[PDB]
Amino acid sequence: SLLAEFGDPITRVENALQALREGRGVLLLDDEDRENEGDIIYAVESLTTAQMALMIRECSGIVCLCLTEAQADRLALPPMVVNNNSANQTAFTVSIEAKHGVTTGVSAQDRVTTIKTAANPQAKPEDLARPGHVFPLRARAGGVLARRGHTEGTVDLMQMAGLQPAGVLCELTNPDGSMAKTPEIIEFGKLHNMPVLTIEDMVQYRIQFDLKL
């Protein structure tokens, strides 16, 4: 009901895709009975220090880099934990840092440097120190049709938009520390020209338009 302000589910996806093509961010909500959380998403292709700074200012600050299994393997990033027993099996790899061009790794600029370094299609494992202050996530093969996570949503959006299949995500957080919920996510999107969409929107879009990716 609140989401209708951003259009019908297909329109909501199209507007998100176009925002990403224009180098802008989007807000992605998962199922209400899952995390019921909204994440800011940026395309790595066009990622700027300003965008990263905004993400740190407005979100959890635990900025994650969503990668394909193939890119994660290229980087030799094993899962952070052999036996993952997190509630949602969040696919955290070992954390990373650019080995060149950063200092402590935590500044907005430094995180962008690390992210650009990792997402590079010609990247090598030795391009990244471990541990670091950027947190890669392995997207499941099949994307949101196989796992209904923001992780898959991020990589799927990039692929659907024709962009570098790597994106950054972080959870929108209210000033008092509680997580933004649907009305706050809607308001944020309207205030800051960021399309809002849901995982279910993406699932319907992909099935409807026969998008194999």
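The first residue of the shown sequence is 1; numbering continues from there. Definition used throughout: the rigid core is the maximal C-alpha set that superposes within 1.5 Å between two forms.
Enquirer: Which of 31-39 and 48-56 lies farther, on average, from the shown form in 5 other deposited structures of this protein once the rigid core is superposed (C-alpha RMS)?
Expert: Clearly, after the core fit, the stretch farther away in 5 other deposited structures of this protein is 31-39.
Enquirer: For residue 92, does the count of other compared entries lacking it reach at least a third?
Expert: Residue 92: unmodelled in at least a third of the other compared entries.
Enquirer: Could you tell me whether residue 71 lacks coordinates in at least a third of the other compared entries whose models cover its neighbours on both sides?
Expert: No, residue 71 has coordinates in all the other entries compared.
Enquirer: For the higher mean C-alpha B factor in the entry, choose 183-191 or 153-161.
Expert: Going by the record's values, the stretch with the higher mean is 183-191.
Enquirer: Mean CA temperature factor from the deposited coordinates, higher in 75-83 or in 134-142?
Expert: According to the entry, 75-83 carries the higher average C-alpha B-factor.
Enquirer: Residue 114: which third of its chain by C-alpha temperature factor?
Expert: Lowest third.
Enquirer: Just say lowest, middle or highest third for the CA B-factor of residue 32 relative to the other modelled residues in its chain.
Expert: Answer is highest: the recorded C-alpha B-factor places it there.
Enquirer: Based on the entry's values, in what third of the chain does the Cα temperature factor of residue 63 lie: lowest, middle or highest?
Expert: Its C-alpha B-factor belongs to the lowest third of this chain's values.
Enquirer: Which third, lowest, middle or highest, does the CA B-factor of residue 53 fall in along this chain?
Expert: Its C-alpha B-factor belongs to the highest third of this chain's values.
Enquirer: Relative to the other modelled residues in the chain, which third contains the C-alpha temperature factor of residue 123: lowest, middle or highest?
Expert: It belongs to the highest third of the chain when residues are ordered by C-alpha B-factor.
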